[PDB]
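# Results of the structural survey
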Amino acid sequence: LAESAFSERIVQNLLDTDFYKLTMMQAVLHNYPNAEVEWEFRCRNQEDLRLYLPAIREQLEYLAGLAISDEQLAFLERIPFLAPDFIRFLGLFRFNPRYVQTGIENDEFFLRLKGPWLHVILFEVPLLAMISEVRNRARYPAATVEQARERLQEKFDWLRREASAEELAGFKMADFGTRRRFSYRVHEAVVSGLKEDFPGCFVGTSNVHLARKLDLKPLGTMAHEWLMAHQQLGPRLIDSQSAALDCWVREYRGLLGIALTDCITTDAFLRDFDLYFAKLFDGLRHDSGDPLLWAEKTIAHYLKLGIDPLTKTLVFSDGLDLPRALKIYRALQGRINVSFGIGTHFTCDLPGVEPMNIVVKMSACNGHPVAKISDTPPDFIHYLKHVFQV
């Protein structure tokens, strides 16, 4: 009698994705329209996904059928930093199944992407959310929305019965859980729950569709992808990170100013985050390594540049849950502005269910390798570490 956890469609529409995929896509149209890239799906637990191939391919056809509706495109059009040439491009966009290769090799499911960066960028999120939900529809067919709201309420109660109203008035939280959500329906329920009953300050969602549907602010910084691609787009490897930031700021003139620091290592990023960049960007996002040590480094760097930390913002989104996020807030509140982003621990928290450990990582750009090192533990990676001093 309970509401089933699965809706009719898995990927709702062209808006059912993370916002920063669109902002980045626009940056590509305007700056590297003809660049080519390669991506490859990867399951880190070596979970046997072979039986999902049929359904996956079936969803692939569905994706190719998607065309943005006029109401959807108009929603985007109302966003001031989205240019008319880009809006028209989205109006004509269609997923090209020819840029996708899926099947089984070594008795293992595989999925690879190869094509113009402009046309393949939109595959990333939907593919993950889709593979996640087809697995869950097979692994947990009886799953219900009810079960989701339940665990959500438990966590909300914990927060209320833990943090003062004074702390909660400053606890900024966002949803970033599209990619590994249990299902679209669960994701929608979770986000509605956040909007209506989050003890702290719910600031928005990265999911554009839900942002339109629920009337929330679409959120999204920049992705590693942007920083990684620049390793082959033109400048010296050692200048790739600064070139990526430079192009971003030149594209958005100060808007969407939150930069990732771990494409290489936070130390390496900081050595090149000079006054020019420090003034332009409103803040940084933590995605790997210890969050508090990371904060000490970023805050210390601002101080030496003569920048008042309290005028900047630090965004934490490394596999956070409410407890871990609250601890960071309590530790740093008062020293620098902070906000948080929670993903799978929000959109895929069902009793007895374990989120899929999958990713679609960029592997090359214009026929050559690109890589991410991060603060967490071929010859390209060796030279890359070398020029950046590991």
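Residues numbered from 1 in each chain as written, not as in the entry; some residues may be left out. Heavy atoms only, no water. Residues with missing side-chain atoms left out of burial classes, pairs and counts.

Method of structure determination, per the deposited record: X-ray crystallography was used for this entry, reaching 2.10 Å resolution.

## A few points about the overall build of the chain
As a reminder of what qualifies: Per the convention used, a helix needs a DSSP run of H or I reaching at least four residues, while a strand needs a run of E reaching at least two, with both numbered from the N terminus. For a compact globule the rule gives 2.2 Å times the number of residues to the power 0.38, and the radius of gyration it is set against comes from C-alpha atoms.
Secondary structure summary: the chain contains 18 helices and 11 strands in total. A compact globule built from 390 residues should have a C-alpha radius of gyration of about 21 Å, and the chain, at 21 Å, falls within 12% of that.

## Focus: a positive patch on the surface
Quick reminder of the rule: Patch construction takes residues with relative accessible area above 30% that form no salt bridge. Like charges are linked within 9 Å, and nonpolar side chains (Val, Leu, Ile, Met, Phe, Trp, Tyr) are linked within 5 Å. Surface accessibility in these figures is a Shrake-Rupley result with a 1.4 Å probe; residues are shielded only by whichever protein chains are displayed. Whenever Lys or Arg places a side-chain nitrogen within 4 Å of a carboxyl oxygen from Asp or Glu, that contact is recorded as a salt bridge. Residues scored as charged are limited to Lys and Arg (positive) and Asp and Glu (negative), so that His and the chain ends carry no count. A charged residue contributes its charge at one atom only: NZ of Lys, CZ of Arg, CG of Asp or CD of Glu. Each residue is assigned to one of three classes by its accessible area relative to the maximum for its type, calculated with a 1.4 Å probe on protein chains only: buried under 20%, partly exposed between the two thresholds, exposed over 50%.
Side chains of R42, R44, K361 and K372 sit close together on the surface and give a patch of like positive charge. Turning to its location among the elements, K361 is positioned in strand β10 (residues 358-365). According to the relative accessible area criterion, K361 is partly exposed, its value standing at 38%.

## A look at the side chain of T298
Stated precisely, the cut-off is as follows: Only heavy atoms enter the contact rule, under which two residues are in contact if any of them lie within 4.5 Å.
Counting through the fold element by element, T298 comes out in helix α15 (residues 291-305). Take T298: its relative accessible area is 1%, and that puts it in the buried class. Among residues more than four places away in sequence, those in contact with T298 are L270, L284 and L314.

## Quick look at the packing of helix α2 (residues 53-65) against helix α6 (residues 124-139)
Our working rule: Orientation is described by lines fitted to C-alpha atoms, with helices fitted over the stretch in contact, and by angles between N-to-C directions that extend from 0 to 180 degrees. An angle counts as roughly parallel when it lies under 35 degrees, as roughly antiparallel when it exceeds 145, as roughly perpendicular when it falls between 65 and 115, and as oblique in every other case. The crossing is said to be left-handed when, going from far helix to near helix, the turn is anticlockwise and less than a right angle, and right-handed when the turn is clockwise.
In contact at an axis separation of 10 Å, α2 and α6 are set at 140 degrees when each is read in the N-to-C sense. One finds that α2 runs oblique with respect to α6. The way α2 lies across α6 gives a crossing that is right-handed. Between α2, through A55, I56, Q59, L60 and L63, and α6, the contact on the second element is made entirely by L127, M130, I131 and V134.

## A look at the sheet that holds strand β2 (residues 100-105)
Rule in force here: Here, any two strands with at least 2 DSSP bridges between them count as paired.
In space, the five strands of this open sheet follow the order β2-β3-β1-β10-β11, with antiparallel pairing throughout. Of all strands in the sheet, those with a lone pairing partner are β2 and β11 (368-369), marking the two edges. Across seven bridges, strand β1 (residues 36-43) lies against β10 in antiparallel orientation. Bridging from a neighbouring strand, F41 pairs with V360 of β10.

## Description of the side chain of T266
Here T266 shows up in helix α13 (residues 266-272). Residue classification places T266 among the buried positions, given a relative accessible area of 2%. Excluding anything up to four places from it in sequence, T266 contacts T261, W294 and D375.

## Notes on the packing of aromatic side chains
This is how it is decided: Pairing of aromatic side chains here covers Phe, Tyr and the six-membered ring of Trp, requires ring centres within 6.5 Å, and sorts the geometry by plane angle: under 30 degrees stacked, over 60 edge-to-face, intermediate tilted.
As enumerated under the stated definition, the model contains 24 aromatic pairs in all. Seen from their ring centres, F156 and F198 are 5.8 Å apart, and the 70 degrees between their planes marks the pair as edge-to-face. One end of the pair, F156, is in helix α7 (residues 145-160); the other, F198, is in the loop between α9 (184-197) and β5 (201-205), with 42 residues separating them in the sequence. Residues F156 and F198 agree in their burial class; the two are buried. Ring plane angle 25 degrees and centroid distance 5.7 Å describe the contact between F316 and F340, whose orientation is recorded as stacked. Separated by 24 residues along the polypeptide, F316 in strand β8 (residues 313-316) and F340 in strand β9 (residues 337-342) bring together distant segments of the chain. One exposure class covers both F316 and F340, and it is buried. An aromatic cluster is present here, built from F19, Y32, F81, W117, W226, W248 and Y252 joined pairwise through their rings.

## Thoughts on the sheet that holds strand β6 (residues 258-260)
Strands sit in the order β5-β4-β9-β8-β7-β6 across an open sheet of six strands; the sheet is parallel. Each edge of the open sheet carries a strand with a single partner, namely β5 and β6. Adjacent strand axes in the sheet meet at a mean angle of 25 degrees, parallel and antiparallel pairs treated alike. Contacts from helix α16 (residues 322-332) reach β4 (172-175), β8 and β9 within the one sheet, and its direction differs from that of β9 by about 175 degrees.

## A word on the state of the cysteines
Short version of the rule: Count a disulfide wherever a pair of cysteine sulfur atoms falls within 2.5 Å.
Inspection of the entire model under this criterion finds zero disulfides. Of all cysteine sulfurs in the structure, the one in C365 sits closest to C247, which takes part in no disulfide; the separation is 12 Å. Since its relative accessible area comes to 6%, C247 is described here as buried.

## Considering the packing of helix α1 (residues 19-31) against helix α12 (residues 240-252)
Where α1 meets α12, the axes come as close as 11 Å, and the angle between the chain directions of the two elements is 95 degrees. By the angle between their directions, the pair α1 and α12 is classed as roughly perpendicular. Along the contact surface, α1 presents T23, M24, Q26, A27, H30 and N31, while α12 presents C247, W248, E251 and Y252.

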